[PDB]
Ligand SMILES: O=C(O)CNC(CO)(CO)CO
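Encoded as structure tokens, the following chain is the form solved without the ligand, with no partner shown.
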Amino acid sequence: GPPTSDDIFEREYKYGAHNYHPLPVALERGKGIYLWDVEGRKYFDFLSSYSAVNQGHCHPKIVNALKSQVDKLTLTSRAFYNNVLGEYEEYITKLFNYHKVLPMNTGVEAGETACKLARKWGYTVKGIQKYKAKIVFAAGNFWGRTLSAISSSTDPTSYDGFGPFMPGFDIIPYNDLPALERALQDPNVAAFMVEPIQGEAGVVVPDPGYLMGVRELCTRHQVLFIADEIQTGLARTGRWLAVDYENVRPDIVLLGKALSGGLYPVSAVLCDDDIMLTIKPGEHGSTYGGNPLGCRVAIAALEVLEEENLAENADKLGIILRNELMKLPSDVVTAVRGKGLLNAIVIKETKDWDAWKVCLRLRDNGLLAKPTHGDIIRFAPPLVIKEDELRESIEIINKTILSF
């Protein structure tokens, strides 16, 4: 088949579902912070696969871990034991400090597991009457595309037309303690699920003290605090978990994306015994969850973040990026925000230009990024980037923004 970008677009339009509207670029190779298309052109990756490639594309140490296990064993299922799962479980639990881990594959799967864990704990420990348990969510949230995940969404694009919704899901505003407090008055609430920073909403960072307040309010009302760190976790914001900035310990933590460096779908639910053990043998599972292959790549992927001090780099580099982005004109950039290497700028949609246009020109100029709402562009380059490369990227951003 088709070796031209236009041929690649055409073949997908014909044989694939139209559930996505991609930026017209056809990539075939990626290494570190770089991506090359079919026409041989080189691009700075400022999307990182939505934070799934924190360690850069095809990181050698992660790649070798995959190559080393494929020849040995890749899948036995959890009906038998393999030698790799135990190692990964011991490593991840001690690294984050929780008794146990429940392994799954994709991000939503981790979110569903946490909801099942919260409901089961709600009924068996808190003593909520059977099928009256509620889980509170914050407006702007994103945790996946299952029927359950779109039922807590405030985005019409996600739920409109998707049959009847999952009951028991409440929604309150984000970054609002009084709202939370009011909602937790209902003794039927089992958990509150939140993102320490809302990514898909447009990198909305809550006020300092928000996570501390949530922790206090949840502890006080005997409600589980579930932190979704699938996008904000793993060094992306400057810490192992974004929650670390306020020294807060959630009851359940969700990890996904970058947990495999982009080489395999691996996700995890971390929590202590009193919550985790409410699920008995045969009550929950997944065919590929906890397979030998994904466990090997996750160990290596976690090691790369540690050995290379990627959080520290993200933290230091994040400051420079943001500082430089605040110099741009206000008639184009109304806001700059973020933490570590998860940032965003807000474009002033006028009748001549918008975020999609800015992204296309940014592409023409060598940098890949995608808008999140038509006026919000997110910048999230692999954490392995160096200051010189970042400096180079910023020049492209300045050049592009100012050329309008």
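Between two forms, the rigid core is defined as the largest C-alpha subset superposing within 1.5 Å. Numbering starts at 1 and follows the sequence shown.
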(request) Kindly name the stretch, out of 326-334 and 238-246, whose CA atoms are displaced more from this form in 9 other deposited structures of this protein after the core superposition? (result) 326-334
(request) Between 62-70 and 344-352, report the one with more C-alpha displacement in 9 other deposited structures of this protein relative to this form after a rigid core superposition. (result) 344-352
(request) Give the stretch, out of 293-301 and 76-84, with the larger mean C-alpha temperature factor in the deposited entry. (result) 76-84
(message) So, looking at the entry's B-factor column for Cα atoms, which has the higher mean, 185-193 or 330-338?
(response) 330-338
(message) I'd like to know which of 146, 152, 323, 219 has the highest C-alpha temperature factor in the PDB entry.
(response) 323
(request) Tell me, please, which of 160, 109, 207, 246 has the highest C-alpha B factor according to the deposited entry? (result) 246
(message) Could you place residue 124 in the lowest, middle or highest third of its chain by Cα temperature factor, using the values in the record?
(response) middle
(request) Consider only the C-alpha atoms of the modelled residues in this chain, order them by B-factor as the entry records it, and name the third containing residue 198: lowest, middle or highest. (result) lowest
(message) For the chain shown, is the CA B-factor of residue 372 in the lowest, middle or highest third of its modelled residues?
(response) highest
(request) Using the B-factor values recorded in the entry, state whether the Cα atom of residue 343 falls in the lowest, middle or highest third among the modelled residues of its chain. (result) lowest
(request) Compare the C-alpha B factor of residue 40 with those of the other modelled residues in its chain, then answer lowest, middle or highest third. (result) highest
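One more form of this protein, deposited with the ligand bound, exists but is not displayed; see below.
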(message) Within 4.5 Å, heavy atoms only, which of 168, 292, 206, 213 is in contact with the ligand in the deposited complex?
(response) 168
(request) Would you please decide whether residue 151 lies within 4.5 angstroms of the ligand in the deposited complex, comparing each non-hydrogen atom pair? (result) yes
(message) To test your reading of this chain, name the stretch in 168-176, 213-221, 235-243, 318-326 whose heavy atoms come within 4.5 Å of the ligand in the deposited complex.
(response) 168-176
